[PDB]
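Coordinates in review
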Amino acid sequence: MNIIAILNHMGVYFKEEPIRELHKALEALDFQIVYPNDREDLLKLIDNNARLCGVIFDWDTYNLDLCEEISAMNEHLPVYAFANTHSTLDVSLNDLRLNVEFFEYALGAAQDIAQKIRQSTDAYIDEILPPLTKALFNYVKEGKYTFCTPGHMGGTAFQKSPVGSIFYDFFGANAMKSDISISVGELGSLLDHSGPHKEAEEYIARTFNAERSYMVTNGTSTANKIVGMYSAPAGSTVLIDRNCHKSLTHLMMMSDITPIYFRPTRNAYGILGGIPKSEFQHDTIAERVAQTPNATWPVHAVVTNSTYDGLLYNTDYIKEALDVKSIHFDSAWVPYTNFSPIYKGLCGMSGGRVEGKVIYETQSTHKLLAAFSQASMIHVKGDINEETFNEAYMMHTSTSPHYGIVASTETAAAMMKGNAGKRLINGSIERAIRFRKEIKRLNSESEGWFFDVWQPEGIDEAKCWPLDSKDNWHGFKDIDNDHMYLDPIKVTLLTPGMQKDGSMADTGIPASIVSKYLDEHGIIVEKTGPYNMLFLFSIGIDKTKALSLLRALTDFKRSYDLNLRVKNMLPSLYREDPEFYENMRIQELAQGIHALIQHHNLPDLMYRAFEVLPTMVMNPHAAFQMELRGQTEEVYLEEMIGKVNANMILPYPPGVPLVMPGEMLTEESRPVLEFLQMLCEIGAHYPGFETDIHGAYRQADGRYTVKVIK
Amino acid sequence: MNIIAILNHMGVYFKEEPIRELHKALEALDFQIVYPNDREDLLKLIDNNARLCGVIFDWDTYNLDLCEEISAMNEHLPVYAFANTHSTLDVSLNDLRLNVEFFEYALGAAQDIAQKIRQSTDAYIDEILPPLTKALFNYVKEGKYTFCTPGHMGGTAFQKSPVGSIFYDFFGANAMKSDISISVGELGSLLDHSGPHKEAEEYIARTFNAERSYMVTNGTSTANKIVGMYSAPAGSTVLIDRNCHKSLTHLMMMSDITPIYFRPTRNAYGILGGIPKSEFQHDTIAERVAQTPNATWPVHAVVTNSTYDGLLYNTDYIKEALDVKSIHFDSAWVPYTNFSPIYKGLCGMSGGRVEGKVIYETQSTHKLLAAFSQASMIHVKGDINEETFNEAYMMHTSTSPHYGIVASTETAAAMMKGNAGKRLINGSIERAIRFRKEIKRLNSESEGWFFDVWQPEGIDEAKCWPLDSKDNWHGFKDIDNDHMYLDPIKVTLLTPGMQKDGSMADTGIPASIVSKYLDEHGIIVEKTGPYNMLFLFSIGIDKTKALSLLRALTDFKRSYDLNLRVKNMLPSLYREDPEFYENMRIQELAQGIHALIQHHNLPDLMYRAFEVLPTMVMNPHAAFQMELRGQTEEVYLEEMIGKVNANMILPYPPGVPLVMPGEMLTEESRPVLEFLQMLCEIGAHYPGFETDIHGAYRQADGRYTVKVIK
Amino acid sequence: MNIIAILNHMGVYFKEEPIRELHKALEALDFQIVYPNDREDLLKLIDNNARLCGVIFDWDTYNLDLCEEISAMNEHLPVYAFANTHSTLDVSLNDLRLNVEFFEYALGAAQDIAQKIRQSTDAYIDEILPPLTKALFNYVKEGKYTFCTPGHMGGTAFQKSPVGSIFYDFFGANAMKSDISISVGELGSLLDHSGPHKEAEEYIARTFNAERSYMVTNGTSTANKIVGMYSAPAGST
Ligand SMILES: Cc1ncc(COP(=O)(O)O)c(/C=N/N[C@H](CCCCN)C(=O)O)c1O
Ligand SMILES: Cc1ncc(COP(=O)(O)O)c(/C=N/N[C@H](CCCCN)C(=O)O)c1O
Ligand SMILES: Cc1ncc(COP(=O)(O)O)c(/C=N/N[C@H](CCCCN)C(=O)O)c1O
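Residues numbered from 1 in each chain as written, not as in the entry; some residues may be left out. Chains lettered and ligands numbered in written order. Part of a larger assembly, values for the part shown. Heavy atoms only, no water.

cryo-EM is the method the PDB entry lists for this structure, together with a resolution of 2.3 Å.

See below:
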């Protein structure tokens, strides 16, 4: 934050000489001087380099509208205008609102002006920094000696060891000096909500449209556990999205609560759909309560918004129709809502208080914003017991929080403020839309197969595209209108292999092969389905990465059409089993995997298996408790009918839980067993594509076992 | 790790010129060349700089015993010997065991030798690095493009923002690039225990003398909860150290487990003593089970070893005598055991398998070793159900672990390997002992008051000093012999105010004032008691910090004797309340606090309050569940007698839980109430010394309230 | 107050190279480094140059009695001892009374030691400065814009005039920037005996063995008139 831009190269000594003296004086204050050639050059320089901390220009040459253009991108960016002919009568109120400091041309005045510019730079840094992060930076500047934990003592222990010195050099001195504990009392305490930490929370609460905000250092898994534990005492009933993360299952296995599951939809690709509106109706909930033993009217409800693939709910309807006092939205995938108007009414915090209800949002700051991993936010709108919620929060938060993660959470809040943050979010949205349009365009010019994007046909402007019943791009059957919206940030690319009606095509390219190819060429997809790939076009994706992705996809298509050897096209896959892939070509491998999927009819089997709910003999807490007591045995896959499952069965695809602890497979739920057996059979044919079923254990004979209650 | 030391100043061109050529060629490979003046200079240089990666010396001038001296400090540090007169007949087997590579003198041979030295440096780095950290570093060197979480995409989003650019510049590019998720499949999965992660675990298990090892990214709080949840099913009885961390209390509030509390001792200073051997006897436990309602024979037992003040147990006796199938040692404060012989038999992992028992150790790697905060280890010795334990582990571990914390854990394991790690631990122990001896010496030669050190009178050699019933330095009454030992690392300094018999002196200086003075002068103590101050002499403490501490203590004594103004001595304290501290001098403030402590008789009241156990109406789980249901009201301090506490009451001092959730104060436990009232009265007299009682809430009127069940 | 004396010419790399690095890091912080040839040279240099703000020496070569000799001339002058063989057991209470800060020899540790020495230099300057003078210097460092008397506004009016510019160059910028009035409320008021002014009086009273002290800006003529007028009412002898 030490780059100062000086405009103009005028030809009068009485201006150039003071500017050269000021250049020397600023360099004496550790500033880096850059010289844009014109106004447009300066604007581009500001737009591309966030470390530009100041602009110096001649007022005689440029009017104060240049400051308006500068403030359109960064309203806090200090501007220094040198006045020669204009006086105090040449400035208006609107101009006086801009962040301009006025200086004059004079020999020998460079030291004072350089000091003024230094003070202005410090003030700008102070203004844009959030409170807790600024306090942490100041503490690191202090350089105090610690005799407390962590114990590496600001990295000294690492510097005393060779391997530790490598670690120190990799992570740097500042990452070690900022690693502190509550023994440093000037920083306050995360658990006590005191000092800068306290202000941090309020800062966050104002940035994310929340009444109360809590910082979590063990991810949205821990955030979900905290919210669920405060909301649902032992013996209560909770509505749970079936498309819930495994953390909700862990919470259920932790606390004795009775679950009643919302039933979401899906398509042929295996993309999880939204919960139909009827499932939020009071009569449906009452019927499920009556049909569920030891179940009363639910006191908490958890909905996944959005889904992994980017399907957001109209949350106003849910907040109005869900007759539950506590509504929690697992928004791990959408922390950027409230920073763009396209998400209005599509998130838990949207709007104001709900009478007689409390609304929670759990957000993975580290997922779609800029924050270190495990950084999570809990946002509360409504009435809570602050003491009791603080107890539930302390039971899951460590007494030695990582200050880097907490500061990253606060800095993520800070990065969303002002014109710079608005431009960040809007630019990411526009980049994703441009990539989607380019994928469609390339598909049009392509002669033969090419990747498609799972989206509406004619996307034009920046918005969350609604999923209507008339259209068939989304693949959902009889969908509710004004219910589900597609997030433009989450870009799903489709590989060939499925038809418009949901059936399989004669040929197809499993998306896992494309994922491996991208990995070999330095591109990491977020996740891969049977014929879909998810790419996150977050604030961290630039034009370079999008163009590289396009080039890699085109190169894959060219290589596949040429039918190259798997040895050369996928070197890592060949290294997995050189004998099996010695002479195989990419087309033969892709067609073999597609033929396995088609002959076993994976899409229909997966859909049928996930549209029938296994019967709940006991809640997950009871099954886990009897598992901890040793009352469990390992049986084979085919013998699981009539057995109470002890663990969660989470297969890939589709990547969501199919069987919950305390659930039993019957003749009605036999599709679950045959889908699992199909997955086990398919995963044993190609050495680089194994069966991935959490909760199932592969034996030496290749058979798969599950753990069930005796 | 690019510093090469050349020990050579010969006066022959046929050696000098090839060495100069080698210097230029090594500099071309980005090596920093240093020139020690002699053998002793080279040895000191190696001892003081862990970034030295190679030694080049002339074999004619120096025999191979110099390599022996080098390997005494670093057995992997490559040595390059230039042979002129010696041949293959001049090397013995013992010399051949040393890591020495032989070269020859020749013009024009510098490039090949420099390449060989580069390969040797890379081999050295590879040899000392642990596997998972090496994989992380290699992945960062790859520089791939991510379309997955975290979403800052290696820090790109940070570089696109001004405040984010400040954050990026502070933490550095490598910290942000190493932040990844399981979408990068080559690094494996911590949750799945696959790939390099798996190797890391095995590596850790071999370094810490554990059968199995698990890495926790949410601290020893989460590690304790995982161990307890696996070991204690709902409805089971657990033996719990009363000197337990709040995490064990949180686990009891989470799971319906019935606790039976061990009773540790304490001294006049409030230092928590060890649990007497009688509490571990089968008859005592059986009697407690008979008296405790809804209690069976305990299936789990948790012991805090060591204590906060550094008291380790003879763990062999506990393992032999404690008739519990599951014994868990909360060793958050002692992760360096197994790395020094003085701790033999003083930790859970010491020795081998206990027949019919499982032993757990929970270590805060980030507390006394070199690791990032929240890094913890679970060490298991004995038979466990790996699948059930893995489920319990997943229930508390986030699906997006901080890879930096995981790598810091592995690097902490690697830092203990070899002669360098042995020298690190031994140097820390010897530094702590030298500081203790210096404190004793300064006390002996001081005229008047001086800081004391809680230790035996005649500490000479490096060992854990036993606490004998004959000596009275430790202040414990009728202690068992060969039971408790003092860890030399944990240095407790005593300020005047107490007497040798346990009563308080006429005058005294509370340790909080000394703590504030040290904070003002850049020294952070671990924690402060009424008259004691704890300092951690970890591997991160050097001679510089120890001498700085001594200087600061002498400065405090001088300033206090001069009776300076509080305005000048403690500027922050005066800034808290300028009107109250306007004319106060340090002696008056210290004497006022000491007079309050004496008049209220804090030591005797605290001892009595922690000597009587409050009666357990219900276990903490029941109280917390009924608190989550709104069945809790708020009463004042004087009205808690006969009420069931809803939350744990943790007073400071002594910093350990006094009242647990579900416990009720009676006439037998009225000293608890008197002690709490005394603390509330004492904390309202000086604006910088407030009452610190977790679970008690100060109101506007100044009175303190606690909440109980209605 | 930026002259640091470094005292040794040892013949070992593991000490010489860190000292050279510290020399570079101290020059980066605007310090002037001097190299006395021996102990007596250093003592004479300290005696003859009050602008010496620090002494760096090797603890192996010189015991802490050299710090005693230095403190005999200036008890607040910071000394920096580099410890190699001596440990915490080699220092006594009397030595611990001296204003010595201890460092170690290590490559790459120069920036931290330079920052520590800078903080020590600032503390030394603060300790020797009186309160009101310190406040005036700090205010001048703030560089505020005044719309109040004196009216030259920190010397701007002098810089706007040729003869005024000669006057300004002669008297210097700090003299004109420190010439302020009570409109700057943070400096307090001499007439009201408030703020740093009040502290100044107390400071003066302690230094001159007086119960009360008053500052006069019009000489002992005015001081005598004040004392006499308070002491001698009209009509007295
Ligand atoms: C809806 C929802 N709610 C909560 C959480 C827990 O949040 P976390 O602890 O991870 O911060 C997640 C986490 N999903 N990601 C993990 C894998 C890590 C990311 C790999 N690129 C998974 O797929 O299991 C979630 O999807
Ligand atoms: C016996 C025992 N067992 C487990 C834990 C949890 O380990 P953690 O989650 O913190 O890694 C702790 C934690 N003690 N330290 C914390 C914070 C200290 C910060 C200043 N140095 C506290 O005082 O409450 C413990 O003392
Ligand atoms: C006993 C006594 N009491 C008070 C004062 C007034 O003090 P002042 O206003 O000057 O600060 C003076 C002043 N004497 N100085 C002048 C000579 C000027 C300096 C020549 N080098 C004189 O002799 O006339 C004094 O001698």
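Let us keep going from here.
All right, on to the overall build of chain A then. Helix and strand counts for chain A come out as 25 helices and 28 strands. Against the 2.2 N^0.38 benchmark of 27 Å for 710 residues, chain A shows a C-alpha radius of gyration of 29 Å, consistent with a compact globule. Referenced to the eigenvectors of the C-alpha coordinate spread, the extents of chain A come out at roughly 95 × 65 × 60 Å. Looking at chain A as a whole, 63% of its 710 residues qualify as buried. The contacts of chain A with a sequence gap of at least 6 include a subset with a gap of at least 24, amounting to 71%. Summed over all atoms, the accessible surface of chain A reaches about 25,600 Å², with 48% contributed by carbon and sulfur. Distance from the positive charge centre (64 side chains) to the negative charge centre (91 side chains) of chain A: 2 Å. (Helix = DSSP H or I, 4+ residues; strand = E, 2+ residues; numbered from the N terminus. Rg over C-alpha atoms; globule rule 2.2 N^0.38 Å. Buried < 20%, exposed > 50% of the residue type's maximum accessible area, 1.4 Å probe, protein only. Contact = heavy atoms within 4.5 Å. Areas by Shrake-Rupley, 256 points an atom, 1.4 Å probe, with all protein chains shown as cover. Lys, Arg positive; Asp, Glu negative; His and termini not counted. Charge placed at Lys NZ, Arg CZ, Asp CG, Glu CD.)

What follows deals with the site of ligand 2. In the vicinity of ligand 2, 19 residues are found, and the nearest of them are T149 and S400 of chain A together with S221, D330 and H366 of chain B. Taken together, the residues near ligand 2 originate from chains A and B. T399 of chain A is positioned with one of its side-chain polar atoms (N or O) 2.8 Å from an oxygen atom of ligand 2. For ligand 2, a nitrogen atom lies 2.8 Å from a polar atom in the side chain of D330 of chain B. Within the complex, 92% of the 590 Å² of free accessible area of ligand 2 lies under protein. Elements with a minimum of two residues in the shell around ligand 2: α11 (219-231) and α15 (365-368) of chain B. The element that contributes the greatest number of residues to the shell around ligand 2 is α11 of chain B, accounting for four residues. When grouped by side-chain class, the residues that make up the shell around ligand 2 number three nonpolar, 13 polar and three charged. (Near = heavy atom within 4 Å. Polar contact = N/O pair within 3.5 Å; in protein donor to acceptor, adjacent residues only side chain to side chain. Nonpolar A, V, L, I, M, F, W, Y, C, P; charged D, E, K, R; others polar.)

A few words now on the site of ligand 3. All names here are of chain C. Close contacts around ligand 3 come from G219, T220, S221 and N224, and that covers them all. Considering ligand 3 on its own, with 590 Å² of exposed area, one finds that the protein chains cover 20% of that surface. Each residue belonging to the shell around ligand 3 can be placed in one class, and the counts come to no nonpolar, four polar and no charged.

Turning our attention to empty space enclosed by the protein. Empty space among the atoms becomes visible once a probe the size of a water molecule is rolled across them. In this structure the tally under the stated criterion is 14 cavities of 30 Å³ or more. Of the pockets and cavities examined, the largest cavity occupies roughly 110 Å³. Lining the largest cavity, in full, are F171, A175, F372 and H402 of chain A together with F171, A175, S178, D179, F372, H402 and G404 of chain B. Residues of the lining of the largest cavity, tallied by class, amount to six nonpolar, four polar and one charged. (1 Å grid on protein atoms, 1.4 Å probe; cavity = no way out; pocket = protein on both sides within 12 Å on 5 of 7 lines; lining within 4 Å. Points joined across faces, edges and corners; volume = space filled by probe spheres on them.)

Let us now look at the relation of the copies chain A and chain B. With an axial shift of 0.0 Å and an RMSD of 0.1 Å, the rotation relating chain A to chain B amounts to 180°. A rotation of that kind, with that shift, is consistent with a two-fold axis. With an isologous cut-off of 70% or more, the 98% of interface residues of chain A that recur at the interface of chain B puts this contact in the isologous class. (Least-squares fit on C-alpha atoms.)

A few words on the sheet that holds strand β1 (residues 3-6) of chain A. All names here are of chain A. Within the open sheet, the five strands sit side by side as β2-β1-β3-β4-β5. Their pairing is parallel. Looking at the sheet topology across the chains shown, the edges are occupied by β2 (32-34) and β5 (100-104). Along the sheet, successive strands turn relative to each other by an average axial angle of 25°, direction set aside. Pairing between strand β4 (residues 79-83) and β5: five bridges, direction parallel. What sits directly across from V79, in β5, is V100. Sitting on the sheet, helix α5 (residues 110-128) touches β1, β3 (52-58), β4 and β5, and the angle it makes with β5 is about 175°. (Pairing = 2+ DSSP bridges. Axes fitted to C-alpha atoms, helices over the stretch in contact; angles between N-to-C directions.)

A common way to express how large an interface is: the accessible area buried when the components associate. Tallying the contact residues gives 32 residues for chain B and 28 residues for chain C. Each partner contributes to the roughly 2,600 Å² buried at the junction of chain B and chain C, and carbon and sulfur atoms together form 59% of this total. Ranking the residues of chain B by area buried against chain C places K543, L547 and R551 of chain B at the top, with a combined share of 24%. Connecting chain B to chain C are zero salt bridges. Taken together, the links from chain B to chain C amount to 14 residue pairs in polar contact. Going through the elements one at a time, α2 (39-48), α18 (418-445) and α20 (543-562) of chain B are the ones with two or more residues in the side of chain B that touches chain C. (Buried area = accessible area lost by both parts, 1.4 Å probe. Salt bridge = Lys/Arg side-chain N within 4 Å of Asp/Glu carboxyl O.)

It is worth spelling out a nonpolar patch on the surface at this point. Residue and element names in this part refer to chain C. On the surface, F167, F170 and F171 cluster together into a nonpolar patch covering about 360 Å² of accessible area. Secondary-structure assignment places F170 in helix α8 (residues 162-171). Given the relative accessible area of 66%, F170 is considered exposed. (Patch = residues over 30% accessible without salt bridge, like charges linked within 9 Å, V, L, I, M, F, W, Y side chains within 5 Å.)

Moving on to the interface of chain A and chain B. In this assembly, 121 residues from chain A lie in contact with 120 residues from chain B. Summed over both partners, the interface of chain A with chain B comes to about 10,300 Å²; 66% of that surface belongs to carbon and sulfur atoms. A salt bridge links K144 of chain A to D519 of chain B; the nearest nitrogen and oxygen atoms lie 2.6 Å apart. Connecting chain A to chain B are 43 residue pairs in polar contact. Of the residues belonging to the side of chain A that touches chain B, the class tally is 63 nonpolar, 41 polar and 17 charged. Direction of pairing for strand β19 (residues 523-524) of chain A relative to strand β6 (residues 145-146) of chain B: parallel, over a ladder of two bridges. Bridge pairing links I523 of chain A to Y145 of chain B in β6 of chain B.

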